[PDB]
file data.cif (mmCIF, N, CA and C atoms)
data_run
#
loop_
_atom_site.label_atom_id
_atom_site.label_comp_id
_atom_site.auth_asym_id
_atom_site.auth_seq_id
_atom_site.Cartn_x
_atom_site.Cartn_y
_atom_site.Cartn_z
N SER A 51 0.82 -1.21 0.00
CA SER A 51 0.00 0.00 0.00
C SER A 51 0.85 1.26 0.00
N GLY A 52 2.04 1.20 0.61
CA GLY A 52 2.98 2.30 0.56
C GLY A 52 3.52 2.62 -0.81
N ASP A 53 3.14 1.85 -1.83
CA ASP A 53 3.51 2.15 -3.21
C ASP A 53 2.46 3.01 -3.89
N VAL A 54 1.19 2.59 -3.85
CA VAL A 54 0.12 3.29 -4.55
C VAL A 54 -0.80 3.94 -3.52
N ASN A 55 -1.09 5.22 -3.73
CA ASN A 55 -2.08 5.93 -2.93
C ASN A 55 -2.92 6.89 -3.76
N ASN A 56 -2.74 6.92 -5.08
CA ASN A 56 -3.48 7.82 -5.96
C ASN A 56 -4.62 7.13 -6.68
N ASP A 57 -4.52 5.82 -6.90
CA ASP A 57 -5.54 5.05 -7.59
C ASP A 57 -6.21 4.11 -6.60
N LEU A 58 -7.54 4.08 -6.62
CA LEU A 58 -8.32 3.24 -5.72
C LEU A 58 -8.74 1.93 -6.36
N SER A 59 -8.08 1.55 -7.46
CA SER A 59 -8.36 0.28 -8.13
C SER A 59 -7.06 -0.40 -8.56
N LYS A 60 -6.02 -0.31 -7.73
CA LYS A 60 -4.76 -0.96 -8.03
C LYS A 60 -4.54 -2.24 -7.23
N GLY A 61 -5.17 -2.36 -6.06
CA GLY A 61 -5.00 -3.53 -5.23
C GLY A 61 -3.62 -3.59 -4.60
N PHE A 62 -3.50 -4.27 -3.47
CA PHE A 62 -2.21 -4.31 -2.79
C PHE A 62 -2.20 -5.49 -1.83
N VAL A 63 -1.02 -5.74 -1.26
CA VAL A 63 -0.80 -6.82 -0.30
C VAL A 63 0.11 -6.28 0.79
N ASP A 64 -0.44 -6.08 1.99
CA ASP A 64 0.30 -5.55 3.12
C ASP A 64 0.56 -6.66 4.12
N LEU A 65 1.80 -6.76 4.59
CA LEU A 65 2.22 -7.80 5.53
C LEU A 65 2.71 -7.13 6.80
N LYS A 66 1.98 -7.31 7.89
CA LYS A 66 2.39 -6.84 9.20
C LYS A 66 2.81 -8.04 10.03
N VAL A 67 4.09 -8.11 10.38
CA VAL A 67 4.66 -9.29 11.02
C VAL A 67 4.82 -9.03 12.51
N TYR A 68 4.43 -10.00 13.32
CA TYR A 68 4.69 -10.01 14.75
C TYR A 68 5.68 -11.13 15.04
N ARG A 69 6.77 -10.79 15.71
CA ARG A 69 7.83 -11.74 16.01
C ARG A 69 7.59 -12.32 17.40
N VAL A 70 7.28 -13.61 17.46
CA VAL A 70 7.16 -14.27 18.76
C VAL A 70 8.51 -14.18 19.47
N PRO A 71 8.56 -13.73 20.73
CA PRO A 71 9.85 -13.43 21.36
C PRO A 71 10.77 -14.63 21.50
N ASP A 72 10.31 -15.67 22.18
CA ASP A 72 11.11 -16.87 22.36
C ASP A 72 10.78 -17.86 21.25
N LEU A 73 11.22 -19.10 21.42
CA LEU A 73 10.82 -20.17 20.51
C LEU A 73 9.44 -20.72 20.84
N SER A 74 8.69 -20.05 21.72
CA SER A 74 7.35 -20.48 22.07
C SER A 74 6.42 -20.38 20.86
N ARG A 75 5.24 -20.97 21.00
CA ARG A 75 4.27 -21.04 19.91
C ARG A 75 2.88 -20.70 20.43
N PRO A 76 2.54 -19.41 20.50
CA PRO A 76 1.16 -19.03 20.83
C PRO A 76 0.22 -19.49 19.73
N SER A 77 -0.97 -19.93 20.13
CA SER A 77 -1.76 -20.70 19.17
C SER A 77 -2.52 -19.84 18.18
N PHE A 78 -3.61 -19.20 18.60
CA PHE A 78 -4.19 -18.15 17.77
C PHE A 78 -4.76 -17.02 18.61
N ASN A 79 -5.25 -17.35 19.80
CA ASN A 79 -5.93 -16.38 20.64
C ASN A 79 -4.99 -15.70 21.61
N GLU A 80 -3.74 -16.12 21.65
CA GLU A 80 -2.69 -15.37 22.32
C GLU A 80 -2.02 -14.36 21.41
N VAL A 81 -2.42 -14.31 20.13
CA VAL A 81 -1.82 -13.39 19.18
C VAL A 81 -2.89 -12.47 18.60
N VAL A 82 -3.86 -13.04 17.90
CA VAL A 82 -4.86 -12.23 17.23
C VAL A 82 -5.81 -11.67 18.27
N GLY A 83 -5.96 -10.34 18.28
CA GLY A 83 -6.74 -9.66 19.29
C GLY A 83 -5.98 -9.29 20.54
N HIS A 84 -4.78 -9.83 20.73
CA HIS A 84 -3.97 -9.53 21.90
C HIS A 84 -2.66 -8.86 21.54
N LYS A 85 -1.89 -9.44 20.63
CA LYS A 85 -0.63 -8.85 20.22
C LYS A 85 -0.87 -7.82 19.12
N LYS A 86 0.14 -6.98 18.90
CA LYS A 86 0.07 -5.89 17.93
C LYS A 86 1.08 -6.13 16.83
N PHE A 87 0.62 -6.06 15.58
CA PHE A 87 1.48 -6.22 14.41
C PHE A 87 1.94 -4.83 13.99
N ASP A 88 3.11 -4.43 14.47
CA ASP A 88 3.67 -3.12 14.16
C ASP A 88 4.82 -3.19 13.16
N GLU A 89 5.70 -4.17 13.29
CA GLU A 89 6.75 -4.36 12.30
C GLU A 89 6.12 -4.72 10.95
N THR A 90 6.68 -4.18 9.88
CA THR A 90 6.19 -4.42 8.53
C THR A 90 7.17 -5.32 7.79
N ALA A 91 6.65 -6.38 7.18
CA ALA A 91 7.45 -7.30 6.39
C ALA A 91 7.10 -7.15 4.92
N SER A 92 8.04 -7.54 4.07
CA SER A 92 7.87 -7.42 2.63
C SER A 92 8.60 -8.57 1.96
N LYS A 93 8.56 -8.58 0.63
CA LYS A 93 9.28 -9.60 -0.12
C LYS A 93 10.78 -9.35 -0.03
N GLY A 94 11.50 -10.24 0.64
CA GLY A 94 12.94 -10.13 0.80
C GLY A 94 13.41 -10.08 2.24
N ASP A 95 12.53 -9.73 3.18
CA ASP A 95 12.94 -9.60 4.57
C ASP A 95 13.33 -10.95 5.14
N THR A 96 14.53 -11.02 5.72
CA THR A 96 15.03 -12.23 6.34
C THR A 96 14.49 -12.34 7.76
N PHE A 97 14.01 -13.53 8.12
CA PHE A 97 13.36 -13.74 9.40
C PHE A 97 14.22 -14.59 10.31
N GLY A 98 13.79 -14.67 11.57
CA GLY A 98 14.63 -15.08 12.67
C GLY A 98 15.12 -16.51 12.64
N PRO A 99 15.68 -16.96 13.76
CA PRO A 99 16.37 -18.26 13.79
C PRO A 99 15.42 -19.44 13.67
#

call {"tool": "encode", "arguments": {"input": "data.cif", "output": "structure tokens"}}
result
Amino acid sequence: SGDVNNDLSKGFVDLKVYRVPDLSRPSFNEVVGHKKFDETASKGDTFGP
């Protein structure tokens, strides 16, 4: 979305990534509605260990 803002018929794909702190695995309700997706990911971003 940070590419196009002048045309309302271009379509886009926005990826907001939340990095789980440890190697833990929150299931779905410990993340969605509770955690905040502030970091932005895109095509090329290298992810953690």

call {"tool": "resolve_selection", "arguments": {"input": "data.cif", "expression": "the PyMOL selection byres ((chain A and resi 89) around 7)", "output": "list in words"}}
result
residues 65, 66, 67, 68, 86, 87, 88, 90 and 91 of chain A

call {"tool": "atom_distance", "arguments": {"input": "data.cif", "atom1": "CA of residue 64 (chain A)", "atom2": "CA of residue 51 (chain A)"}}
result
6.4 Å

call {"tool": "atom_distance", "arguments": {"input": "data.cif", "atom1": "CA of residue 71 (chain A)", "atom2": "CA of residue 53 (chain A)"}}
result
29.8 Å

call {"tool": "atom_distance", "arguments": {"input": "data.cif", "atom1": "CA of residue 85 (chain A)", "atom2": "atom C of residue 70 (chain A)"}}
result
10.6 Å

call {"tool": "residues_around", "arguments": {"input": "data.cif", "residues": "residue 62 (chain A)", "least_positions_apart": "5", "cutoff": "12 Å", "atoms": "only C-alpha atoms", "output": "count of residues only"}}
result
7

call {"tool": "select_by_dssp", "arguments": {"input": "data.cif", "residues": "chain A", "states": "strand (DSSP E)", "output": "list in words"}}
result
residues 65, 66, 67, 89, 90 and 91 of chain A

call {"tool": "decode", "arguments": {"input": "data.cif", "residues": "region 73-98 of chain A", "atoms": "N, CA and C atoms", "output": "JSON list (two decimals), in the first residue's frame"}}
result
[["chain", "number", "residue", "atom", "x", "y", "z"],
["A", 73, "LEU", "N", 11.22, -19.10, 21.42],
["A", 73, "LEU", "CA", 10.82, -20.17, 20.51],
["A", 73, "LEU", "C", 9.44, -20.72, 20.84],
["A", 74, "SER", "N", 8.69, -20.05, 21.72],
["A", 74, "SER", "CA", 7.35, -20.48, 22.07],
["A", 74, "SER", "C", 6.42, -20.38, 20.86],
["A", 75, "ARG", "N", 5.24, -20.97, 21.00],
["A", 75, "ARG", "CA", 4.27, -21.04, 19.91],
["A", 75, "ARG", "C", 2.88, -20.70, 20.43],
["A", 76, "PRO", "N", 2.54, -19.41, 20.50],
["A", 76, "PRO", "CA", 1.16, -19.03, 20.83],
["A", 76, "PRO", "C", 0.22, -19.49, 19.73],
["A", 77, "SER", "N", -0.97, -19.93, 20.13],
["A", 77, "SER", "CA", -1.76, -20.70, 19.17],
["A", 77, "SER", "C", -2.52, -19.84, 18.18],
["A", 78, "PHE", "N", -3.61, -19.20, 18.60],
["A", 78, "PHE", "CA", -4.19, -18.15, 17.77],
["A", 78, "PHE", "C", -4.76, -17.02, 18.61],
["A", 79, "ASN", "N", -5.25, -17.35, 19.80],
["A", 79, "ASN", "CA", -5.93, -16.38, 20.64],
["A", 79, "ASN", "C", -4.99, -15.70, 21.61],
["A", 80, "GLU", "N", -3.74, -16.12, 21.65],
["A", 80, "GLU", "CA", -2.69, -15.37, 22.32],
["A", 80, "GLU", "C", -2.02, -14.36, 21.41],
["A", 81, "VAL", "N", -2.42, -14.31, 20.13],
["A", 81, "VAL", "CA", -1.82, -13.39, 19.18],
["A", 81, "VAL", "C", -2.89, -12.47, 18.60],
["A", 82, "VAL", "N", -3.86, -13.04, 17.90],
["A", 82, "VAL", "CA", -4.86, -12.23, 17.23],
["A", 82, "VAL", "C", -5.81, -11.67, 18.27],
["A", 83, "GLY", "N", -5.96, -10.34, 18.28],
["A", 83, "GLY", "CA", -6.74, -9.66, 19.29],
["A", 83, "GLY", "C", -5.98, -9.29, 20.54],
["A", 84, "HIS", "N", -4.78, -9.83, 20.73],
["A", 84, "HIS", "CA", -3.97, -9.53, 21.90],
["A", 84, "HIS", "C", -2.66, -8.86, 21.54],
["A", 85, "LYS", "N", -1.89, -9.44, 20.63],
["A", 85, "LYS", "CA", -0.63, -8.85, 20.22],
["A", 85, "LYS", "C", -0.87, -7.82, 19.12],
["A", 86, "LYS", "N", 0.14, -6.98, 18.90],
["A", 86, "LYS", "CA", 0.07, -5.89, 17.93],
["A", 86, "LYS", "C", 1.08, -6.13, 16.83],
["A", 87, "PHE", "N", 0.62, -6.06, 15.58],
["A", 87, "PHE", "CA", 1.48, -6.22, 14.41],
["A", 87, "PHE", "C", 1.94, -4.83, 13.99],
["A", 88, "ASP", "N", 3.11, -4.43, 14.47],
["A", 88, "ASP", "CA", 3.67, -3.12, 14.16],
["A", 88, "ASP", "C", 4.82, -3.19, 13.16],
["A", 89, "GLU", "N", 5.70, -4.17, 13.29],
["A", 89, "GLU", "CA", 6.75, -4.36, 12.30],
["A", 89, "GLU", "C", 6.12, -4.72, 10.95],
["A", 90, "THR", "N", 6.68, -4.18, 9.88],
["A", 90, "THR", "CA", 6.19, -4.42, 8.53],
["A", 90, "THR", "C", 7.17, -5.32, 7.79],
["A", 91, "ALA", "N", 6.65, -6.38, 7.18],
["A", 91, "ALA", "CA", 7.45, -7.30, 6.39],
["A", 91, "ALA", "C", 7.10, -7.15, 4.92],
["A", 92, "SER", "N", 8.04, -7.54, 4.07],
["A", 92, "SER", "CA", 7.87, -7.42, 2.63],
["A", 92, "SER", "C", 8.60, -8.57, 1.96],
["A", 93, "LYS", "N", 8.56, -8.58, 0.63],
["A", 93, "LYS", "CA", 9.28, -9.60, -0.12],
["A", 93, "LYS", "C", 10.78, -9.35, -0.03],
["A", 94, "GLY", "N", 11.50, -10.24, 0.64],
["A", 94, "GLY", "CA", 12.94, -10.13, 0.80],
["A", 94, "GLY", "C", 13.41, -10.08, 2.24],
["A", 95, "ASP", "N", 12.53, -9.73, 3.18],
["A", 95, "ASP", "CA", 12.94, -9.60, 4.57],
["A", 95, "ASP", "C", 13.33, -10.95, 5.14],
["A", 96, "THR", "N", 14.53, -11.02, 5.72],
["A", 96, "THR", "CA", 15.03, -12.23, 6.34],
["A", 96, "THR", "C", 14.49, -12.34, 7.76],
["A", 97, "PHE", "N", 14.01, -13.53, 8.12],
["A", 97, "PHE", "CA", 13.36, -13.74, 9.40],
["A", 97, "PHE", "C", 14.22, -14.59, 10.31],
["A", 98, "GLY", "N", 13.79, -14.67, 11.57],
["A", 98, "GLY", "CA", 14.63, -15.08, 12.67],
["A", 98, "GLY", "C", 15.12, -16.51, 12.64]]
